[PDB]
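Structure 1 and structure 2 below are two forms of the same protein chain, each written out on its own as structure tokens.
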Structure 1
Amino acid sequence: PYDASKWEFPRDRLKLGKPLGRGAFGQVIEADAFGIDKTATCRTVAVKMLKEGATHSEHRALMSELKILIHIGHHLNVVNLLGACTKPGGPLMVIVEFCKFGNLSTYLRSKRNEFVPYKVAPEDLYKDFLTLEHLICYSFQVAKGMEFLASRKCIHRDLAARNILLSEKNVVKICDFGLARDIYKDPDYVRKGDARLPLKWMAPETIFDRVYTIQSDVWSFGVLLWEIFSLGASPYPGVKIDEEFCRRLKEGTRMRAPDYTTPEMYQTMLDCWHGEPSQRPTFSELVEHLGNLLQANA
């Protein structure tokens, strides 16, 4: 359902700026909205819209994303809906909260050198280094966001560090770029039949049986944990993503531990990658386990 009296924002109160990243049939644009959340207050926002080449099919898909966002509602660890421009005479525009540091994969990679496992007093205190505490904290926040999405009877289907945005005060948010990411140019997406799929993040029942469940999102979460504790490296380094790769994964071949992990975080990755989906932990279990590691790390 679309509740207009609430979500409809006037096009003349939105000031479009520079494009953020590159898309195929969609585009994300930085903008400044007047009084979208607080009365008569300017606010920087991100706007998702279509571009030249898009058809009626992509327009239906963008409207579906807006309806899903209305249904889900807000949570701290999900990129939240602020409003929309749906009225005739202009393009469909979906307005969300702005996350100033961008996606997590790019962020962690750019800051790989500015990392220390623990801050040793007094010099490290005033230096803005990334630590094990930060990494376990981002991991725990994504598990909380995913537990919330499961509670609303939703499944992600493209969970990865490139679909995590970093906001102020170390808050991370789950998102979905959709066709606002150029998946035809992006090496993370592999051609399989008539489609471009994220093979390195997909569970065996997803690759071989086309089965998508909350437990195959748990498998992708295990991959996301590897990307965080490798500080933005690409999964399965040196491995050719072909028929042999899929065969080995189906027989129990798994990734070796990343460079910045602790033994218990690598053991969490292995559990997420259990061959049997029912034997993988739930998102509620992951929240419990990560919370305890964050208390042990302190």
Structure 2
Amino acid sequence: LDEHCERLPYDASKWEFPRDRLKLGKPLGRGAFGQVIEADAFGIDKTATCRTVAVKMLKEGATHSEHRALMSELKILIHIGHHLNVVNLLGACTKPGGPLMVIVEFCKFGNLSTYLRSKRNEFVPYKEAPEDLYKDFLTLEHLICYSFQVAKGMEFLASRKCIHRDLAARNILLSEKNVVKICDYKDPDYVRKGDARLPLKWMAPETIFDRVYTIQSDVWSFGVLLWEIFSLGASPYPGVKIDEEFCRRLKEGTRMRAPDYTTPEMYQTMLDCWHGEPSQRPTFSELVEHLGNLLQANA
């Protein structure tokens, strides 16, 4: 990424946003390498409105390598470009007179895994008696709609020759009108169950062993992501130990059972996504045609 990305231009006319129109609020997310802060921005989309945005910036004590890392990330977001189902770039603050700030879309409801897990007592397959009374309930239509949407996002990312490498519900963000968007260690005193997840549980067999990521290894990940959705945000492979024999059994053909809320065709889609042979897994385009039909047949 480095060196290469320094040789990509930055068009300030179309991306640069003045820092004096950005008012920062509370942090949304921390990391060992940086932070996303919630902020108010005036006129970020040219209209005369104050809009809530998310700001990636460096932590206090961040190095030169971490500045390069954020600037690469900015140029990759410029490269990737706009889609409804990715966390889109809105602007950047790069000139002298303040900190480096990369401004992206705010998704107010947070990640899809925590959201879904918080709706297990507000779920019905189809809305039976008067549909007014099941207001705010999740339904099969929602879950298949979240699915289709992520498949669109990934089809788009594939067409920009991008690879996600960590496709999971934690990295899916939910904004208003049920629109979902793809994005890419806290002190143990304040850690609760569910705070974390083991990323090996989303890795294709060829990535576990051969450590190669390709768009078809993302299709396997999409499969596990489907399972998260239709279990309403459970962790994959419940109570299973992720050791050398688990990895052995994966390659042999062992697979997760159906989660509690799946349709039979949605479980069949997980299994096709989990084909041992990468080239026999469906493409994200094929997943888009297929989930769109499932979504339409749910009627």
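Rigid core: the largest C-alpha set superposing within 1.5 Å between the two forms. Just so we're on the same page, residue numbers count up from 1 along structure 1's sequence.
Among 109, 75, 157, 196, whose C-alpha is off by 2 Å or more between structure 1 and structure 2 on a rigid-core fit?
By this measure, the answer is 196.
Original post:
Honestly, after the rigid core fit, is residue 53 moving at least 2 Å at Cα between structure 1 and structure 2?
Top reply: Yes, the C-alpha position differs by at least 2 Å between structure 1 and structure 2.
Check your understanding: With both forms fitted on the core, how large is the C-alpha shift of residue 91 between structure 1 and structure 2 in Å?
Key -> So the C-alpha of this residue moves 2.2 Å.
Worksheet entry | Inter-form CA displacement between structure 1 and structure 2 at residue 211 - rigid core frame, Å | It moves 1.0 Å at the C-alpha.
Residue 126: CA movement between structure 1 and structure 2 [superposed on rigid core, Å]:
Reported C-alpha shift between structure 1 and structure 2: 5.1 Å at residue 126.
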